[PDB]
Amino acid sequence: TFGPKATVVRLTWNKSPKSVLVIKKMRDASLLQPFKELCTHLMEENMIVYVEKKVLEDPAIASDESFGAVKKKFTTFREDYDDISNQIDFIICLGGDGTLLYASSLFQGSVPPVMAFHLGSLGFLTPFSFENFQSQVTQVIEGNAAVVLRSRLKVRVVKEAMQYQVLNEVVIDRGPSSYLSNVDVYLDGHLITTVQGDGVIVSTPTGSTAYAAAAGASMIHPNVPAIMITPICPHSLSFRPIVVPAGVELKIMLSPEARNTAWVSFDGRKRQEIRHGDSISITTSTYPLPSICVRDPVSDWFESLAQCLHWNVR
Amino acid sequence: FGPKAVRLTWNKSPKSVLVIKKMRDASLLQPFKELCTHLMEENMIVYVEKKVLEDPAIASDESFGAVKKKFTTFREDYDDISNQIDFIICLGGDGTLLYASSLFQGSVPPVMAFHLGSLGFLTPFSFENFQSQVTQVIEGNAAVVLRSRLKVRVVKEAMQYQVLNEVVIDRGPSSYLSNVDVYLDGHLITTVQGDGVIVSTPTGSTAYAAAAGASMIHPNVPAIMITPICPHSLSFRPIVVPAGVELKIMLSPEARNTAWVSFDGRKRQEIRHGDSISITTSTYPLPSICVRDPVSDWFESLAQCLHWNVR
Amino acid sequence: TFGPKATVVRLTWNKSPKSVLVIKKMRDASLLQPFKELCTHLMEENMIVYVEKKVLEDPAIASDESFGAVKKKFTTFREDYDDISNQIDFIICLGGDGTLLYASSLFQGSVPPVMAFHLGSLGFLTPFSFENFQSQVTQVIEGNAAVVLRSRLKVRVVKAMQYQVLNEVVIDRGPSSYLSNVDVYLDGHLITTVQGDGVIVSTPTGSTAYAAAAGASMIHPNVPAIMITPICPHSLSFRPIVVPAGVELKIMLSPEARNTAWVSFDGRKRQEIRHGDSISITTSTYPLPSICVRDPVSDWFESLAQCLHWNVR
Amino acid sequence: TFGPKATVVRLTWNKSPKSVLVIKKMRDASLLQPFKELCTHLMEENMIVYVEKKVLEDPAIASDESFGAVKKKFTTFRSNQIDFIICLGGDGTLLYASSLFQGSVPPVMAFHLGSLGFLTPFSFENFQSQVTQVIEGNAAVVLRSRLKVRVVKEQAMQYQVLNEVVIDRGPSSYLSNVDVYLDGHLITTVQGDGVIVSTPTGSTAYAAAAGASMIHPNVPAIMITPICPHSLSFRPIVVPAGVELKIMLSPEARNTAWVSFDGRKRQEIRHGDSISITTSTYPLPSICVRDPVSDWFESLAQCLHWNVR
Ligand SMILES: NC(=O)c1ccc[n+]([C@@H]2O[C@H](COP(=O)([O-])OP(=O)(O)OC[C@H]3O[C@@H](n4cnc5c(N)ncnc54)[C@H](O)[C@@H]3O)[C@@H](O)[C@H]2O)c1
Ligand SMILES: NC(=O)c1ccc[n+]([C@@H]2O[C@H](COP(=O)([O-])OP(=O)(O)OC[C@H]3O[C@@H](n4cnc5c(N)ncnc54)[C@H](O)[C@@H]3O)[C@@H](O)[C@H]2O)c1
Ligand SMILES: NC(=O)c1ccc[n+]([C@@H]2O[C@H](COP(=O)([O-])OP(=O)(O)OC[C@H]3O[C@@H](n4cnc5c(N)ncnc54)[C@H](O)[C@@H]3O)[C@@H](O)[C@H]2O)c1
Ligand SMILES: NC(=O)c1ccc[n+]([C@@H]2O[C@H](COP(=O)([O-])OP(=O)(O)OC[C@H]3O[C@@H](n4cnc5c(N)ncnc54)[C@H](O)[C@@H]3O)[C@@H](O)[C@H]2O)c1
């Protein structure tokens, strides 16, 4: 089950969807007219819409009075203490990949299916074009759409628990330090190696084309159960990225004979510091992120590779 | 798995073991005789390829000939080994185990690989104190790794091969670039221009695929690999695809020269414009017995053979 | 000096050029009309034009009688029989990169400047577009053009055969399906033994060639260097290396090696090297002058952007 | 000329060396005994020695009164005075030496104590004979190229670096967007962590960690290597030593960038700042044990394990 109503690779609703969360790219200019159009349309079939509190306080949305008549029907949440985990049937994302990551931040448990929309530039996780969006949204609502069960990593930080869920990767690297970083990595309680360099890009398949790909990791389809381990410019000619089964335990610590501390980041945010007495535990989460695909998983993955990463051009 | 054969359960006590020896070798004779004499003091039937018994260096010794007469002989010509062997012991190195996969095109009994000197990624058992190890495996206290294999069909205008490490399409005598098209689920995913591609198993991730820049994949990860051989494109990163897909490699219509297909570094065939290669994930894996557990053996192989992250 | 008259980076003619060599891409169809146009234009300034004998015996070169009056004024030469050597002031190439390689094959010593043309192919070493070729060829004839002196490798095979290679010389394994073990000496010292498909020891101008496919870095043709890059080694550490151009390389088969090896010179005639054979590689004293449209750096980076799509988006 | 007296690839002194500078790897307890032994030996041929002031300030250097008498003959300092340099500690010491000599650099005899090291080929065992042979003038050197870097702020600041210059991101977690120009021509913009524009000596450094090839220090070139670029086709490149590189921030760039010289003091560059990199005319001569190429391959074999088994 994914959300209060949606469940499952096709998508089934059982109960008709009535609550939708639209997530905007925060400070942007080209995403005002499409956001207004989408919100106006989504409430023409009497369907509850949710909007971040920080979006309605924007000066460029309160100034317009034509949209203000229909804006009052927003089930606003302030994100300070509101748990919208059990209140959303499916999500529409506007702006790019960074929006989808934020969509995974708000749902640390089961997450409803998402429908990412790309409006400008190119997105690897955003397959839907905003043109003719009415028909696509209607088809998604009816229940004729395929999804991919994108894996996520459950990460726990023990300081001498924080319980984060990450989508692309968790990065353990160096911050202001300009020297080598020595980090010990354990798999199932056994020391497998010590990385001596900028850091590691332990990731998910859907993060294989992310920052992991920049460091030399291979392209991994999101339909395989696997966990990547990829360095960041290691000071060793023979440390290639490795792929491990999804059902294993990963642990990451600072080696006892190490100078400087380490810095851990989750999808580019929540950048905190780990010292000698801290530990990071990584597993494969039981709550995947279903993202609706326009036609099918493999074709969308390969077209994203072709357009975004220019994989095998000429 | 076999007639009677993640832990290993025997159900029926093993009695028919096949010992595969590395041909054209001299350091393996004494361990081969020792292992064969030991395996036939528990009244357990052993199998040896016919070409091994006709070796001049093994017929010249009459001490081994007394126990040699109890061998069960197959010649690979018409005496194809079948669901009659429930335990395999391999001597010599990695290429021996590959041969073990060549002999069994269907379900394969569990295999024991011995590294008699040198180093082998797929050979984790040291020959020292082999009596206790073989006894423990015969009893039924041993973990196994189900290595996946690729089912390959060659259609010429069927061959039905099973491969362990990879299938390599490349160029032979040709010195020009090679253009071959690849289909995934009946869809043009790419055309590769260069030497070729090394579509492989996780077991082949550390093989010739690793030579071309492919990543390291544990044999417990259910996926198929696609890595090039020096492509004339900076962007063609090796890719990993689900095990349930079907790959179809052909020659592009606007392609000069023919292509050459090799299965686990073995018999090479030539494919022309009208030929196709279909690759899927086989339903008959290769159970390889591990000394202690899969992960530690894999990482020891990485550290000892490939020198993965030394110093 | 580069040829009988051309000399030197700007090109100085000293004596007015009168002998020109046009090299065609052999079996092709889209190149006949540009070849005919260039040949007709070249002899309206009273330029002696040299053409390969096999080109003039093509079926679609005498079937047209309009061009018949032109073929009578070609100084025909034949491969392996007549050595053109020091008789050509500068060369014009048509068809693509390989033609330039063939241009290096005909001149084992000093070679005249080459004005490469790309026709229906993009090409890394072919920077001239055939459009408005009259002004370009006139400007080159006058003597206002920049030149990139591409280094070449001098290779001797001892079994006393000598070759000059432009892109690289490749020592690899052919019909063998097993690993190839070959030993490399630098200045008489064992620096490495490689266990894999082979090595792509190359010139800078061959860096973007088959060397690049194997993971080599992009090497500008104005740096004096010799590359050594492998072909899929069975080792994660054997990163490609760059050595000074003034060194001696000597490649052999290791004593404990199975099978023989195969040596190829610029993707051409392949020889077999056994245990008793040796390959000696140095930097030649006869570079290949290649005329450039604007200047070496911008042309190199444009070739990287168009051909190899270096850093797109 | 390299220093007041040393000149040149063989090394010729012309005038007998008399002033030598010893550089110690800061606080390293393993180097105290070699430092004392070397300083005692160097002042038995009546040869002037130079030491950093902070080395004598070490609490565990005046406690031993045996070395105090030897200590009192140090020409301590807190150019044009040092004939050649002896380095103890490892690779990072040599870089520090290049920091002290922004102009002509005297030859350096690097020693590896407690570390293996790439640029430190001399073993401390039997150091008497090695130092004597160096003093006599029977030794070969390699002329390691350096990069001259000028930072222009919209305040000129010159620098000479030995390994590389790194233009990366600091605390920022987003991609860094920086434009690079060669001879006034925009060659590319890089979309990632940064660039590792380097020397051949730095080819085995942090540049090698990002996928750059090894270049022998006798090959004149300037390397450009990314740091995990967000592109599959940005292969590292080399350029002739005679070119001029100019790195800036693109006009449509978020966040700033940080420039680091050999792993030292980090500066911040805004949109109005520029970095100009050329090949310096003052190389760093480092004396070799036997010959350049064999020492380079020895360092590749035991430091980076290049092509093992
Ligand atoms: N060197 C690099 O390429 C680099 C550096 C830092 C962070 N990252 C990645 O950026 C992400 C954080 O996103 P942001 O907050 O900057 O938002 P964003 O959308 O601005 O992401 C930045 C860029 O990365 C791309 N991207 C993001 N996720 C991707 C994925 N899964 N596959 C392919 N491309 C992807 C985006 O399309 C965009 O081009 C993390 O996934 C992190 O790994 C990459
Ligand atoms: N460039 C290369 O690395 C290269 C070239 C050709 C063939 N191969 C491999 O050789 C094998 C053919 O077997 P053969 O009997 O002719 O050779 P072999 O058994 O003599 O193997 C040759 C080398 O490859 C290693 N090897 C073989 N299979 C391996 C695996 N699965 N993982 C890691 N290392 C492995 C062996 O340990 C040995 O070092 C195929 O697996 C093929 O991929 C590799
Ligand atoms: N895997 C590969 O990429 C590969 C394989 C074999 C040969 N080659 C190269 O092919 C050439 C043999 O000449 P041919 O007449 O058979 O080829 P060709 O003229 O048919 O050209 C083949 C391709 O290689 C490119 N190319 C050739 N030389 C180049 C260079 N110096 N820099 C960049 N790109 C270059 C061409 O642009 C074209 O794309 C040699 O340079 C050899 O290195 C490359
Ligand atoms: N990811 C990396 O590999 C990385 C990261 C930051 C800095 N660095 C390098 O560290 C150096 C900063 O100086 P430091 O005071 O930290 O010195 P250091 O001796 O502390 O350098 C750290 C490590 O780098 C090695 N090293 C340094 N220069 C080298 C070279 N030219 N070739 C091969 N190995 C070399 C040293 O031997 C040591 O193992 C710079 O050369 C910089 O490029 C490397």
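Residues numbered from 1 in each chain as written, not as in the entry; some residues may be left out. Chains lettered and ligands numbered in written order. Heavy atoms only, no water. Residues with missing side-chain atoms left out of burial classes, pairs and counts.

- Method of determination for the deposited model, per the PDB record: cryo-EM, at 2.34 Å resolution.

- Taking the PDB entry as the reference, chain C is identified by name as NAD kinase belonging to Homo sapiens.
- What the PDB entry is called, per its title line, is "CryoEM Structure of the C-terminally truncated form of human NAD Kinase bound to NAD".
- Under Cofactor, UniProt gives the following word-for-word description of chain C: "a divalent metal cation".
- Note on chain C: under the UniProt heading Sequence similarities, the record states "Belongs to the NAD kinase family." (UniProt positions renumbered as here; feature names shortened; annotations may be inferred.)

- The name given to chain A in the PDB entry is NAD kinase, and the organism recorded there is Homo sapiens.
- Of chain A, the UniProt comment under Cofactor reads exactly: "a divalent metal cation".
- Of chain A, the UniProt comment under Sequence similarities reads exactly: "Belongs to the NAD kinase family."

1. Things to note about the site of ligand 2
Step number 1: Inspection of the region around ligand 2 gives 21 residues, with B:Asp94, B:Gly95, B:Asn165, B:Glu166 and B:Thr206 positioned closest.
Step number 2: Looking at the residues close to ligand 2, they fall on chains B and C.
Step number 3: In the model, an oxygen atom of ligand 2 is placed 2.9 Å from a nitrogen or oxygen of the B:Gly95 main chain.
Step number 4: In this structure, a nitrogen atom belonging to ligand 2 sits 3.3 Å away from a main-chain N or O atom of C:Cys232.
Step number 5: Relative to its unbound accessible surface of 790 Å², ligand 2 loses 84% to contact with the protein.
Step number 6: Breaking the shell around ligand 2 down by element, the ones donating at least two residues are α5 (94–103) and α7 (208–211) of chain B. (Near = heavy atom within 4 Å. Polar contact = N/O pair within 3.5 Å; in protein donor to acceptor, adjacent residues only side chain to side chain. Areas by Shrake-Rupley, 256 points an atom, 1.4 Å probe, with all protein chains shown as cover. Helix = DSSP H or I, 4+ residues; strand = E, 2+ residues; numbered from the N terminus.)

2. A look at the domain arrangement of chain A
All names here are of chain A.
Step number 1: Domain boundaries assigned for chain A yield domain 1 (19–151 + 288–307) and domain 2 (153–284).
Step number 2: The distance between the C-alpha centroids of domain 1 and domain 2 comes to 30 Å.
Step number 3: Across the contact, 15 residues belong to domain 1 and 14 residues belong to domain 2.
Step number 4: Interface area, domain 1 with domain 2, both sides summed: about 1500 Å², of which 59% is carbon and sulfur.
Step number 5: The three residues of domain 1 that bury the most area against domain 2 are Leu101, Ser151 and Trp301, which together make up 41% of that side's buried surface.
Step number 6: Seen at the junction of domain 1 and domain 2, the total is 0 salt bridges. (Domains from an automatic or database assignment. Contact = heavy atoms within 4.5 Å. Buried area = accessible area lost by both parts, 1.4 Å probe. Salt bridge = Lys/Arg side-chain N within 4 Å of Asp/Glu carboxyl O.)

3. Describing the interface of chain B and chain A
Step number 1: Chain B puts 35 residues into the contact, and the matching count from chain A is 33 residues.
Step number 2: Taken together, both faces of the contact between chain B and chain A bury some 3000 Å²; the carbon and sulfur share is 60%.
Step number 3: Counting across the interface, chain B meets chain A through 0 salt bridges.
Step number 4: The tally of links from chain B across to chain A stands at 20 residue pairs in polar contact.
Step number 5: Mapped by element, the contributors of at least two residues to the side of chain B that touches chain A are β12 (188–194), α7, β14 (216–217), β17 (239–242) and α8 (294–304) of chain B.
Step number 6: Here the residues of the side of chain B that touches chain A sort into 22 nonpolar, 12 polar and 1 charged.
Step number 7: Pairing geometry for strand β13 (residues 219–220) of chain A and β17(B), over 2 bridges, is parallel. Bridge pairing in β17(B) places A:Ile220 opposite B:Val240. (Nonpolar A, V, L, I, M, F, W, Y, C, P; charged D, E, K, R; others polar. Pairing = 2+ DSSP bridges.)

4. Quick word on the interface of chain D and chain B
Step number 1: Chain D puts 8 residues into the contact, and the matching count from chain B is 8 residues.
Step number 2: Each partner contributes to the roughly 860 Å² buried at the junction of chain D and chain B, and carbon and sulfur atoms together form 52% of this total.
Step number 3: For the interface between chain D and chain B, the tally reads 0 salt bridges.
Step number 4: Inspection of the chain D/chain B interface yields 2 residue pairs in polar contact.
Step number 5: Looking at side-chain class alone, the side of chain D that touches chain B contains 4 nonpolar, 2 polar and 2 charged residues.

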